[PDB]
$ cat model.txt   # compact mmCIF, C-alpha atoms and all ligand atoms
# COMPACT_ATOMS: atom_id res chain seq x y z
CA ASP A 88 29.45 19.99 -41.74
CA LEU A 89 31.79 17.00 -41.53
CA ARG A 90 30.19 13.61 -42.17
CA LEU A 91 30.84 10.48 -40.12
CA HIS A 92 32.50 7.44 -41.67
CA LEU A 93 32.92 4.39 -39.48
CA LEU A 94 36.09 2.49 -40.29
CA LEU A 95 35.58 -0.15 -42.95
CA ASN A 96 38.03 -2.31 -41.01
CA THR A 97 35.70 -2.96 -38.09
CA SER A 98 38.49 -4.67 -36.11
CA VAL A 99 39.99 -1.21 -35.46
CA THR A 100 37.78 -0.27 -32.55
CA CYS A 101 36.92 2.10 -29.78
CA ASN A 102 37.31 0.89 -26.20
CA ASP A 103 34.11 -1.18 -26.20
CA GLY A 104 34.75 -2.88 -29.56
CA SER A 105 32.49 -0.62 -31.59
CA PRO A 106 34.14 0.62 -34.81
CA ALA A 107 36.25 3.74 -34.65
CA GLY A 108 35.79 6.34 -37.35
CA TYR A 109 36.35 9.85 -38.63
CA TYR A 110 34.33 12.87 -39.74
CA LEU A 111 35.24 14.22 -43.19
CA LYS A 112 34.51 17.32 -45.24
CA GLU A 113 36.25 17.12 -48.60
CA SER A 114 37.46 20.21 -50.45
CA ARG A 115 38.09 19.01 -53.99
CA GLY A 116 40.08 22.08 -54.99
CA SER A 117 42.65 21.56 -52.21
CA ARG A 118 45.69 19.34 -51.73
CA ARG A 119 45.86 20.19 -48.01
CA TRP A 120 44.55 17.66 -45.48
CA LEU A 121 44.00 18.44 -41.81
CA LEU A 122 43.54 15.42 -39.54
CA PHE A 123 42.57 16.53 -36.04
CA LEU A 124 42.89 14.30 -32.96
CA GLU A 125 40.30 14.98 -30.26
CA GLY A 126 41.39 15.02 -26.63
CA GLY A 127 39.75 14.05 -23.34
CA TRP A 128 42.10 12.64 -20.65
CA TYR A 129 42.49 8.81 -20.55
CA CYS A 130 41.83 5.83 -18.30
CA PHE A 131 44.43 3.45 -16.95
CA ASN A 132 42.87 0.40 -15.22
CA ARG A 133 39.64 -1.59 -15.22
CA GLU A 134 37.89 0.36 -12.47
CA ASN A 135 38.92 3.75 -13.83
CA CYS A 136 37.85 2.82 -17.36
CA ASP A 137 34.55 1.37 -16.10
CA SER A 138 33.75 4.72 -14.50
CA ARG A 139 34.57 6.57 -17.73
CA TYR A 140 32.31 4.17 -19.62
CA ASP A 141 29.34 5.22 -17.48
CA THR A 142 29.62 9.00 -17.81
CA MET A 143 32.02 9.65 -20.73
CA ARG A 144 30.86 6.90 -23.07
CA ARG A 145 31.28 8.87 -26.30
CA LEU A 146 35.02 8.81 -25.47
CA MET A 147 34.88 4.99 -25.34
CA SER A 148 32.36 3.98 -28.01
CA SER A 149 30.95 5.04 -31.38
CA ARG A 150 27.51 3.57 -30.69
CA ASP A 151 26.12 7.05 -29.92
CA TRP A 152 28.05 9.25 -32.31
CA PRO A 153 26.12 11.76 -34.42
CA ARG A 154 26.05 11.50 -38.19
CA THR A 155 27.66 14.95 -38.57
CA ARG A 156 29.77 17.50 -36.73
CA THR A 157 30.38 21.17 -37.45
CA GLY A 158 33.99 22.18 -38.09
CA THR A 159 35.07 25.02 -35.80
CA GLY A 160 38.25 27.00 -35.39
CA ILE A 161 41.04 25.46 -37.45
CA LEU A 162 38.45 22.93 -38.71
CA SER A 163 36.14 25.69 -40.02
CA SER A 164 35.70 26.16 -43.77
CA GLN A 165 34.79 29.85 -43.30
CA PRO A 166 37.75 32.19 -44.02
CA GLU A 167 36.56 34.63 -41.35
CA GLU A 168 36.77 31.91 -38.68
CA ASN A 169 39.83 30.11 -40.12
CA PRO A 170 42.29 32.47 -41.86
CA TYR A 171 44.86 29.68 -41.98
CA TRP A 172 43.43 26.62 -43.75
CA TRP A 173 39.75 27.34 -44.51
CA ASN A 174 39.93 25.60 -47.91
CA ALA A 175 41.56 22.37 -46.66
CA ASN A 176 40.10 18.89 -46.57
CA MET A 177 38.93 18.59 -42.96
CA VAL A 178 39.05 15.43 -40.83
CA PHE A 179 37.98 15.16 -37.18
CA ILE A 180 39.05 11.86 -35.60
CA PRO A 181 37.05 11.19 -32.41
CA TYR A 182 39.02 10.07 -29.38
CA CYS A 183 37.45 6.78 -28.33
CA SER A 184 40.50 4.80 -27.15
CA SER A 185 41.28 6.54 -23.81
CA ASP A 186 45.01 5.85 -24.34
CA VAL A 187 46.44 9.26 -25.38
CA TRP A 188 46.39 7.84 -28.93
CA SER A 189 49.14 5.35 -28.00
CA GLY A 190 47.42 1.97 -27.84
CA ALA A 191 47.75 -1.10 -30.01
CA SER A 192 45.69 -3.70 -28.10
CA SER A 193 42.39 -5.33 -29.07
CA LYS A 194 39.66 -6.64 -26.82
CA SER A 195 40.11 -10.34 -26.06
CA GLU A 196 39.26 -12.85 -23.40
CA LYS A 197 42.07 -11.22 -21.36
CA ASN A 198 41.18 -7.59 -22.17
CA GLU A 199 37.82 -6.02 -21.26
CA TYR A 200 38.66 -2.97 -23.40
CA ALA A 201 40.51 -2.33 -26.64
CA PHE A 202 43.13 0.44 -26.66
CA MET A 203 43.82 1.08 -30.34
CA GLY A 204 44.53 4.81 -30.67
CA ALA A 205 47.76 4.36 -32.65
CA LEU A 206 46.04 1.88 -34.98
CA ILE A 207 42.98 4.12 -35.37
CA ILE A 208 45.17 6.91 -36.76
CA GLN A 209 46.91 4.58 -39.21
CA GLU A 210 43.60 3.08 -40.37
CA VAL A 211 42.02 6.50 -40.89
CA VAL A 212 45.02 7.51 -43.00
CA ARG A 213 44.84 4.28 -44.98
CA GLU A 214 41.13 4.64 -45.76
CA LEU A 215 41.48 8.35 -46.63
CA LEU A 216 44.07 7.50 -49.31
CA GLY A 217 41.21 6.08 -51.38
CA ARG A 218 39.12 9.22 -50.78
CA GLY A 219 41.62 11.74 -52.15
CA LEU A 220 44.46 11.79 -49.61
CA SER A 221 46.63 10.06 -52.23
CA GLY A 222 46.79 13.41 -54.02
CA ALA A 223 47.74 15.51 -50.99
CA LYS A 224 50.77 17.73 -50.80
CA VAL A 225 50.51 18.37 -47.03
CA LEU A 226 48.97 16.23 -44.30
CA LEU A 227 48.81 18.26 -41.08
CA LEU A 228 48.18 15.98 -38.10
CA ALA A 229 46.78 18.30 -35.43
CA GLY A 230 45.25 17.66 -32.04
CA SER A 231 44.31 19.22 -28.73
CA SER A 232 45.05 18.13 -25.14
CA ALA A 233 45.40 14.33 -25.16
CA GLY A 234 45.17 14.75 -28.93
CA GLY A 235 48.09 17.19 -28.84
CA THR A 236 50.25 14.61 -27.10
CA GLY A 237 48.80 12.15 -29.62
CA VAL A 238 50.29 14.24 -32.44
CA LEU A 239 53.73 14.01 -30.85
CA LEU A 240 53.37 10.24 -30.41
CA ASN A 241 52.08 9.55 -33.93
CA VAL A 242 53.24 12.14 -36.50
CA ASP A 243 56.42 10.28 -37.46
CA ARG A 244 54.53 6.98 -37.67
CA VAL A 245 52.11 8.55 -40.16
CA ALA A 246 55.10 9.82 -42.15
CA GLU A 247 56.65 6.32 -42.10
CA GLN A 248 53.33 4.68 -43.05
CA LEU A 249 52.85 6.91 -46.09
CA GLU A 250 56.44 6.33 -47.22
CA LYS A 251 56.09 2.55 -46.91
CA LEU A 252 52.74 2.59 -48.74
CA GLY A 253 54.36 4.42 -51.66
CA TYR A 254 53.45 8.10 -51.08
CA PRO A 255 56.80 9.87 -50.55
CA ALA A 256 55.45 13.19 -51.90
CA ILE A 257 52.96 13.81 -49.08
CA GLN A 258 54.58 16.13 -46.53
CA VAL A 259 53.48 15.06 -43.04
CA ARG A 260 53.59 17.73 -40.33
CA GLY A 261 52.27 18.03 -36.78
CA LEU A 262 50.41 20.68 -34.81
CA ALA A 263 50.33 19.83 -31.08
CA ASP A 264 47.92 22.04 -29.13
CA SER A 265 47.80 21.91 -25.32
CA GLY A 266 49.65 18.59 -25.11
CA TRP A 267 53.08 19.84 -23.93
CA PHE A 268 53.31 19.07 -20.21
CA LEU A 269 55.98 19.22 -17.53
CA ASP A 270 56.78 16.37 -15.15
CA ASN A 271 57.38 19.02 -12.51
CA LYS A 272 57.07 19.14 -8.75
CA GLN A 273 53.46 19.53 -7.67
CA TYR A 274 52.38 22.47 -5.54
CA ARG A 275 50.74 20.08 -3.04
CA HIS A 276 50.55 16.30 -2.94
CA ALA A 286 50.82 11.35 -9.87
CA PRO A 287 50.30 11.64 -13.63
CA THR A 288 53.64 9.96 -14.32
CA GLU A 289 52.52 6.88 -12.38
CA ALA A 290 49.09 6.86 -14.03
CA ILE A 291 50.76 7.12 -17.46
CA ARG A 292 53.20 4.34 -16.49
CA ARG A 293 50.31 2.07 -15.53
CA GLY A 294 48.30 3.14 -18.57
CA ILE A 295 51.08 2.25 -21.02
CA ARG A 296 51.18 -1.31 -19.66
CA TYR A 297 47.37 -1.55 -19.64
CA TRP A 298 47.08 -0.27 -23.21
CA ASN A 299 50.17 -1.89 -24.71
CA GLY A 300 51.03 1.71 -25.49
CA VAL A 301 53.59 2.56 -28.16
CA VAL A 302 55.90 5.57 -28.35
CA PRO A 303 58.05 6.84 -31.24
CA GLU A 304 61.00 4.56 -31.88
CA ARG A 305 63.85 7.05 -31.39
CA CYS A 306 62.38 8.22 -28.10
CA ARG A 307 61.79 4.61 -27.02
CA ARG A 308 65.44 3.78 -27.78
CA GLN A 309 66.68 6.69 -25.65
CA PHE A 310 64.63 5.91 -22.55
CA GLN A 311 64.49 2.09 -22.99
CA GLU A 312 62.18 -0.54 -21.56
CA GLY A 313 59.93 0.46 -18.69
CA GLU A 314 60.65 4.18 -19.18
CA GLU A 315 58.38 4.87 -22.16
CA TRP A 316 56.33 7.27 -20.01
CA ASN A 317 59.06 9.87 -20.66
CA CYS A 318 57.95 10.06 -24.29
CA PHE A 319 54.54 11.39 -23.25
CA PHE A 320 56.28 14.62 -22.20
CA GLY A 321 56.66 16.98 -25.14
CA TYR A 322 60.08 18.39 -24.26
CA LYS A 323 61.51 14.83 -24.15
CA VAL A 324 59.84 13.38 -27.26
CA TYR A 325 59.97 16.47 -29.52
CA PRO A 326 63.79 16.44 -30.08
CA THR A 327 63.52 12.84 -31.37
CA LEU A 328 60.93 13.66 -34.07
CA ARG A 329 61.78 14.11 -37.73
CA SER A 330 58.52 15.61 -39.00
CA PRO A 331 58.05 19.39 -38.60
CA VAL A 332 55.92 20.04 -35.49
CA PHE A 333 54.37 23.35 -34.44
CA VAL A 334 53.72 23.49 -30.68
CA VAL A 335 50.87 25.53 -29.16
CA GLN A 336 50.87 25.65 -25.36
CA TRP A 337 49.52 28.10 -22.80
CA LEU A 338 52.26 28.96 -20.33
CA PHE A 339 49.77 28.41 -17.48
CA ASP A 340 47.79 25.52 -18.90
CA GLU A 341 44.81 24.60 -16.73
CA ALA A 342 45.36 20.85 -17.09
CA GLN A 343 48.99 21.31 -16.02
CA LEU A 344 47.91 23.36 -13.01
CA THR A 345 45.21 20.83 -12.09
CA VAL A 346 47.65 17.93 -11.95
CA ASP A 347 50.02 20.22 -10.04
CA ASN A 348 47.19 20.63 -7.47
CA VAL A 349 46.79 24.38 -8.09
CA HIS A 350 43.27 25.83 -8.06
CA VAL A 356 47.66 34.29 -3.91
CA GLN A 357 50.41 34.11 -1.29
CA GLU A 358 54.14 34.11 -1.94
CA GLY A 359 54.65 30.34 -2.17
CA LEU A 360 51.98 29.93 -4.83
CA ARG A 361 53.10 33.09 -6.64
CA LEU A 362 56.64 31.74 -6.92
CA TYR A 363 55.28 28.33 -7.97
CA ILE A 364 53.20 29.81 -10.80
CA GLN A 365 56.00 32.10 -11.98
CA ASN A 366 58.46 29.19 -11.96
CA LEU A 367 56.01 27.09 -14.00
CA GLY A 368 55.78 29.74 -16.70
CA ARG A 369 59.55 30.13 -16.76
CA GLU A 370 60.08 26.36 -17.04
CA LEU A 371 57.53 26.09 -19.84
CA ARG A 372 59.24 28.98 -21.67
CA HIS A 373 62.60 27.26 -21.22
CA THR A 374 61.36 24.00 -22.78
CA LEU A 375 60.26 25.94 -25.87
CA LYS A 376 63.50 27.89 -26.38
CA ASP A 377 64.71 25.39 -29.02
CA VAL A 378 61.28 24.82 -30.59
CA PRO A 379 61.38 27.10 -33.67
CA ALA A 380 57.66 26.82 -34.53
CA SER A 381 55.70 27.55 -31.37
CA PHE A 382 52.96 29.76 -29.95
CA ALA A 383 52.92 30.03 -26.15
CA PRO A 384 50.82 32.84 -24.66
CA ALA A 385 51.04 33.80 -21.00
CA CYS A 386 47.46 32.82 -20.17
CA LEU A 387 45.65 30.57 -17.72
CA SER A 388 43.43 28.63 -20.06
CA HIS A 389 41.99 25.32 -21.16
CA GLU A 390 40.89 26.77 -24.53
CA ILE A 391 41.86 24.90 -27.71
CA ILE A 392 42.42 25.57 -31.43
CA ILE A 393 39.06 24.21 -32.57
CA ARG A 394 37.29 27.04 -30.77
CA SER A 395 35.57 29.59 -32.97
CA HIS A 396 37.45 32.58 -31.50
CA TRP A 397 40.91 30.99 -31.77
CA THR A 398 41.97 33.95 -33.96
CA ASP A 399 41.77 36.42 -31.07
CA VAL A 400 44.93 35.58 -29.10
CA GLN A 401 48.20 37.21 -30.15
CA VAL A 402 51.81 36.91 -29.00
CA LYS A 403 54.04 39.89 -29.84
CA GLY A 404 51.20 41.15 -32.05
CA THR A 405 50.92 37.94 -34.13
CA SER A 406 47.90 35.64 -34.05
CA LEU A 407 48.10 31.85 -34.23
CA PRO A 408 46.54 31.65 -37.73
CA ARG A 409 49.23 34.10 -38.85
CA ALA A 410 52.03 32.13 -37.18
CA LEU A 411 50.78 28.92 -38.81
CA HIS A 412 50.71 30.66 -42.20
CA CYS A 413 54.29 31.84 -41.58
CA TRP A 414 55.21 28.26 -40.71
CA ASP A 415 53.76 27.11 -44.05
CA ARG A 416 55.91 29.73 -45.81
CA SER A 417 59.00 28.64 -43.87
CA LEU A 418 58.53 25.06 -45.12
CA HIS A 419 58.49 26.05 -48.79
CA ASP A 420 61.28 24.38 -50.77
CA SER A 421 63.19 27.67 -50.67
CA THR A 427 65.98 31.27 -42.37
CA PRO A 428 63.62 33.84 -41.12
CA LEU A 429 60.86 35.72 -42.87
CA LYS A 430 60.38 39.44 -42.57
CA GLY A 431 57.28 40.29 -40.56
CA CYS A 432 56.20 36.63 -40.53
CA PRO A 433 57.40 35.03 -37.30
CA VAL A 434 57.00 31.41 -36.30
CA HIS A 435 58.55 31.34 -32.79
CA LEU A 436 56.14 33.23 -30.50
CA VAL A 437 56.63 32.70 -26.75
CA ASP A 438 55.47 35.26 -24.20
CA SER A 439 58.09 36.52 -21.75
CA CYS A 440 55.79 38.18 -19.24
CA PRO A 441 55.57 36.14 -16.04
CA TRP A 442 51.91 36.01 -14.83
CA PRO A 443 48.61 34.75 -16.32
CA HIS A 444 46.85 37.43 -18.39
CA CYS A 445 49.91 39.68 -18.57
CA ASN A 446 49.14 39.27 -22.28
CA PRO A 447 46.01 41.44 -22.86
CA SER A 448 44.73 39.14 -25.64
CA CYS A 449 44.30 36.12 -23.34
CA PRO A 450 40.85 34.47 -23.50
CA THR A 451 38.41 36.00 -21.04
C1 LIG B 501 47.68 16.90 -17.65
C2 LIG B 501 48.74 15.89 -17.25
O1 LIG B 501 48.52 15.11 -16.39
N1 LIG B 501 50.00 15.87 -17.93
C3 LIG B 501 51.01 14.90 -17.54
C4 LIG B 501 50.72 13.52 -18.14
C5 LIG B 501 50.44 13.62 -19.63
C6 LIG B 501 51.37 13.61 -20.64
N2 LIG B 501 50.72 13.73 -21.79
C7 LIG B 501 49.38 13.83 -21.56
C8 LIG B 501 48.28 13.97 -22.43
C9 LIG B 501 46.99 14.05 -21.91
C10 LIG B 501 46.79 13.98 -20.54
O2 LIG B 501 45.50 14.06 -20.03
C11 LIG B 501 47.86 13.84 -19.68
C12 LIG B 501 49.17 13.76 -20.21
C1 LIG B 502 52.94 16.43 -13.53
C2 LIG B 502 53.64 15.40 -12.66
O1 LIG B 502 53.35 14.26 -12.73
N1 LIG B 502 54.65 15.84 -11.74
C3 LIG B 502 55.30 14.86 -10.89
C4 LIG B 502 56.55 14.26 -11.52
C5 LIG B 502 57.33 13.59 -10.41
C6 LIG B 502 57.18 12.29 -9.97
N2 LIG B 502 58.03 12.11 -8.97
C7 LIG B 502 58.74 13.25 -8.73
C8 LIG B 502 59.76 13.57 -7.80
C9 LIG B 502 60.31 14.83 -7.79
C10 LIG B 502 59.88 15.79 -8.70
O2 LIG B 502 60.44 17.06 -8.69
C11 LIG B 502 58.89 15.49 -9.62
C12 LIG B 502 58.32 14.20 -9.62
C1 LIG B 503 42.27 -4.58 -39.89
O1 LIG B 503 43.16 -3.99 -38.96
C2 LIG B 503 43.95 -4.93 -38.22
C3 LIG B 503 44.73 -4.13 -37.20
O2 LIG B 503 45.46 -3.08 -37.81
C4 LIG B 503 44.84 -5.70 -39.18
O3 LIG B 503 45.55 -6.69 -38.45
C5 LIG B 503 44.00 -6.37 -40.26
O4 LIG B 503 44.85 -6.92 -41.26
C6 LIG B 503 43.06 -5.37 -40.94
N1 LIG B 503 42.16 -6.06 -41.85
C7 LIG B 503 42.13 -5.83 -43.16
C8 LIG B 503 41.13 -6.64 -43.95
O5 LIG B 503 42.86 -5.01 -43.70
$ encode --input "model.txt" --output "structure tokens"
Amino acid sequence: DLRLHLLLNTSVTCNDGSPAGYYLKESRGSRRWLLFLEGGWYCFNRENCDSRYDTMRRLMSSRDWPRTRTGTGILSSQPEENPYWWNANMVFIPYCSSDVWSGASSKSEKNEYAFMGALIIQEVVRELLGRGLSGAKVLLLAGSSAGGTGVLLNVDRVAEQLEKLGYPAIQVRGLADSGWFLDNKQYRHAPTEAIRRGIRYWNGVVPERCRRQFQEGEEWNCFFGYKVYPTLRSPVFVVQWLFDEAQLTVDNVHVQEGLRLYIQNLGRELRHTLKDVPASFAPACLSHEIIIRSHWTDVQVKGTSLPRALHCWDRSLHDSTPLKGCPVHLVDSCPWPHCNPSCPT
């Protein structure tokens, strides 16, 4: 089990001003550190956040967090469940800022809620340095759903923070699961407007190179993987279902020719956005399932599982071009959900 630590800097808070925190299981014989960002949508104005506070309060407050959590999937310490990184130091960072991990705003007399996701990540990193992270060789910042987009928004800032604090030897990398969305035409009649409003409400921050491309008022563009990814310097592995259920939901899809063409075009567009992403795993499945699930080993693309592809990615980032039998770019080409037989049932 991973044990809860509330942040010692109690000014770095969840939405309601309670301290943020992290769950940690140390592995003293390992210099690998996995920091996982939880997902769970977001809220973008007072009324929308008030509703979330009533029925999704664990995503807005630490007051009711349990003392422990079990690590599952890529956070499992069992080699049978986690062939990739079972011996790593494991960190689960609860999502309690409702800001896609982008916020840097405290509660005040003008702000009913604090949106501090970007500061929570930096404070977790800072406090972990005293608990053994100072000796790391690899810090993998991973995350699912809103946490996957959170990886894209924060991985280079973690890399910058460690460099400025005096740790140039820690290799910071990202693993973005289920956070790679398209600002596409909806099937029926938006997220882009909700994100636009959210960024202003949260004082949301995006990576500097992406911000400089899109400029003031247009920071929402950097929440879309295919736009922010080319601006990132840290190595990032992208995991994305071609027919992601959150994508389809915001596209108002829940089969006649118009919908068939819509779904096929979505898969093709997703495939296209990954063509120049050398470390990626994109199965042709309709799913909301994420990499902290216990059976994450089961899905394969071209006969290669995700734990294998991640291992191949580790090999590709050794100090010493492609590896025989150890691929890292795995994108399905078949055009309909479950045309891959290994898709989750
Ligand atoms: C699902 C969706 O609306 N995607 C478009 C907006 C968007 C970009 N990044 C995100 C991360 C989490 C999330 O809940 C929505 C988004
Ligand atoms: C996921 C999502 O938000 N899609 C909508 C993006 C969007 C906003 N305005 C639009 C106008 C034309 C279009 O082709 C797409 C959009
Ligand atoms: C706590 O965090 C805030 C926000 O990052 C920062 O301004 C402040 O200096 C921190 N306090 C201490 C004692 O480090």
$ residues_around --input "model.txt" --residues "residue 366 (chain A)" --least-positions-apart "3" --cutoff "12 Å" --atoms "all atoms listed in the file" --output "ChimeraX atom specification"
/A:269,271-274,338-339,358-363,369-373,440-442
$ closest_residue --input "model.txt" --among "A:124, A:334, A:342, A:245" --to "ligand LIG 501 (chain B)" --atoms "only C-alpha atoms and all ligand atoms"
A:342
$ residues_near_ligand --input "model.txt" --ligand "ligand LIG 503 (chain B)" --cutoff "9 Å" --atoms "only C-alpha atoms and all ligand atoms" --output "PyMOL selection string"
chain A and resi 95-99+191+193+203+206-207+209-210
$ write_last_selection --input "model.txt" --atoms "C-alpha atoms" --output "compact mmCIF listing (two decimals), keeping the file's coordinate frame"
# COMPACT_ATOMS: atom_id res chain seq x y z
CA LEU A 95 35.58 -0.15 -42.95
CA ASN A 96 38.03 -2.31 -41.01
CA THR A 97 35.70 -2.96 -38.09
CA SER A 98 38.49 -4.67 -36.11
CA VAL A 99 39.99 -1.21 -35.46
CA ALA A 191 47.75 -1.10 -30.01
CA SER A 193 42.39 -5.33 -29.07
CA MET A 203 43.82 1.08 -30.34
CA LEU A 206 46.04 1.88 -34.98
CA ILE A 207 42.98 4.12 -35.37
CA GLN A 209 46.91 4.58 -39.21
CA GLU A 210 43.60 3.08 -40.37
$ residues_near_ligand --input "model.txt" --ligand "ligand LIG 501 (chain B)" --cutoff "7 Å" --atoms "only C-alpha atoms and all ligand atoms" --output "PyMOL selection string"
chain A and resi 127-129+187+232-233+236+266-270+287-288+291+319-320+342-343+346
$ residues_around --input "model.txt" --residues "residue 388 (chain A)" --least-positions-apart "2" --cutoff "7 Å" --atoms "all atoms listed in the file" --output "ChimeraX atom specification"
/A:337,339-341,386,390
$ atom_distance --input "model.txt" --atom1 "CA of residue 148 (chain A)" --atom2 "CA of residue 179 (chain A)"
15.5 Å
$ closest_residue --input "model.txt" --among "A:240, A:402, A:223, A:367" --to "ligand LIG 502 (chain B)" --atoms "all atoms listed in the file"
A:367
$ closest_residue --input "model.txt" --among "A:170, A:181, A:237, A:294" --to "residue 151 (chain A)" --atoms "only C-alpha atoms"
A:181
$ closest_residue --input "model.txt" --among "A:331, A:368, A:166, A:234" --to "residue 391 (chain A)" --atoms "all atoms listed in the file"
A:234
$ closest_residue --input "model.txt" --among "A:432, A:345, A:400, A:394" --to "ligand LIG 502 (chain B)" --atoms "all atoms listed in the file"
A:345
$ residues_near_point --input "model.txt" --point "(44.8, 13.1, -50.6)" --cutoff "9 Å" --atoms "only C-alpha atoms" --output "PDB file with C-alpha atoms, keeping the file's coordinate frame"
ATOM      1  CA  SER A 117      42.650  21.560 -52.210  1.00  0.00           C
ATOM      2  CA  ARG A 118      45.690  19.340 -51.730  1.00  0.00           C
ATOM      3  CA  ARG A 119      45.860  20.190 -48.010  1.00  0.00           C
ATOM      4  CA  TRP A 120      44.550  17.660 -45.480  1.00  0.00           C
ATOM      5  CA  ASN A 176      40.100  18.890 -46.570  1.00  0.00           C
ATOM      6  CA  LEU A 215      41.480   8.350 -46.630  1.00  0.00           C
ATOM      7  CA  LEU A 216      44.070   7.500 -49.310  1.00  0.00           C
ATOM      8  CA  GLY A 217      41.210   6.080 -51.380  1.00  0.00           C
ATOM      9  CA  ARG A 218      39.120   9.220 -50.780  1.00  0.00           C
ATOM     10  CA  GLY A 219      41.620  11.740 -52.150  1.00  0.00           C
ATOM     11  CA  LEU A 220      44.460  11.790 -49.610  1.00  0.00           C
ATOM     12  CA  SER A 221      46.630  10.060 -52.230  1.00  0.00           C
ATOM     13  CA  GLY A 222      46.790  13.410 -54.020  1.00  0.00           C
ATOM     14  CA  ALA A 223      47.740  15.510 -50.990  1.00  0.00           C
ATOM     15  CA  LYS A 224      50.770  17.730 -50.800  1.00  0.00           C
ATOM     16  CA  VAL A 225      50.510  18.370 -47.030  1.00  0.00           C
ATOM     17  CA  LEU A 226      48.970  16.230 -44.300  1.00  0.00           C
ATOM     18  CA  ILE A 257      52.960  13.810 -49.080  1.00  0.00           C
TER      19      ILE A 257
END
$ closest_residue --input "model.txt" --among "A:416, A:276, A:244, A:197" --to "ligand LIG 502 (chain B)" --atoms "all atoms listed in the file"
A:276
$ atom_distance --input "model.txt" --atom1 "CA of residue 88 (chain A)" --atom2 "CA of residue 230 (chain A)"
18.7 Å
$ residues_around --input "model.txt" --residues "residue 447 (chain A)" --least-positions-apart "3" --cutoff "9 Å" --atoms "only C-alpha atoms" --output "PyMOL selection string"
chain A and resi 400-401+444+450
$ atom_distance --input "model.txt" --atom1 "CA of residue 417 (chain A)" --atom2 "CA of residue 393 (chain A)"
23.3 Å
$ residues_around --input "model.txt" --residues "residue 324 (chain A)" --least-positions-apart "2" --cutoff "10 Å" --atoms "only C-alpha atoms" --output "number ranges by chain"
A: 236, 239-240, 267, 302-303, 305-307, 309, 317-322, 326-328
$ residues_around --input "model.txt" --residues "residue 415 (chain A)" --least-positions-apart "3" --cutoff "10 Å" --atoms "only C-alpha atoms" --output "list in words"
residues 171, 225, 409, 410, 411, 412, 418, 419 and 434 of chain A
$ decode --input "model.txt" --residues "region 136-147 of chain A" --atoms "N, CA and C atoms" --output "short mmCIF file (atom, residue, chain, number, x, y, z; two decimals), in the first residue's frame"
data_model
loop_
_atom_site.label_atom_id
_atom_site.label_comp_id
_atom_site.auth_asym_id
_atom_site.auth_seq_id
_atom_site.Cartn_x
_atom_site.Cartn_y
_atom_site.Cartn_z
N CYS A 136 -18.48 24.40 -9.93
CA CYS A 136 -17.62 23.88 -8.87
C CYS A 136 -18.42 23.58 -7.60
N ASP A 137 -19.43 24.40 -7.28
CA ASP A 137 -20.26 24.12 -6.12
C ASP A 137 -20.95 22.77 -6.24
N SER A 138 -21.44 22.46 -7.44
CA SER A 138 -22.08 21.16 -7.67
C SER A 138 -21.08 20.02 -7.45
N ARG A 139 -19.88 20.15 -8.01
CA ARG A 139 -18.83 19.15 -7.82
C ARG A 139 -18.47 19.00 -6.35
N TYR A 140 -18.53 20.09 -5.58
CA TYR A 140 -18.20 19.98 -4.17
C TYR A 140 -19.22 19.15 -3.40
N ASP A 141 -20.45 19.06 -3.90
CA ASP A 141 -21.48 18.31 -3.19
C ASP A 141 -21.39 16.81 -3.44
N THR A 142 -21.00 16.40 -4.64
CA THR A 142 -21.07 14.98 -4.98
C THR A 142 -19.77 14.40 -5.51
N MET A 143 -18.70 15.20 -5.58
CA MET A 143 -17.38 14.74 -5.97
C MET A 143 -16.33 15.38 -5.08
N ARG A 144 -16.61 15.40 -3.77
CA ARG A 144 -15.83 16.23 -2.85
C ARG A 144 -14.39 15.74 -2.69
N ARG A 145 -14.15 14.43 -2.84
CA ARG A 145 -12.78 13.95 -2.75
C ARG A 145 -11.89 14.54 -3.84
N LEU A 146 -12.49 14.99 -4.94
CA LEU A 146 -11.77 15.68 -6.01
C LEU A 146 -11.64 17.18 -5.76
N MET A 147 -12.03 17.64 -4.56
CA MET A 147 -11.95 19.06 -4.22
C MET A 147 -11.41 19.30 -2.82
#
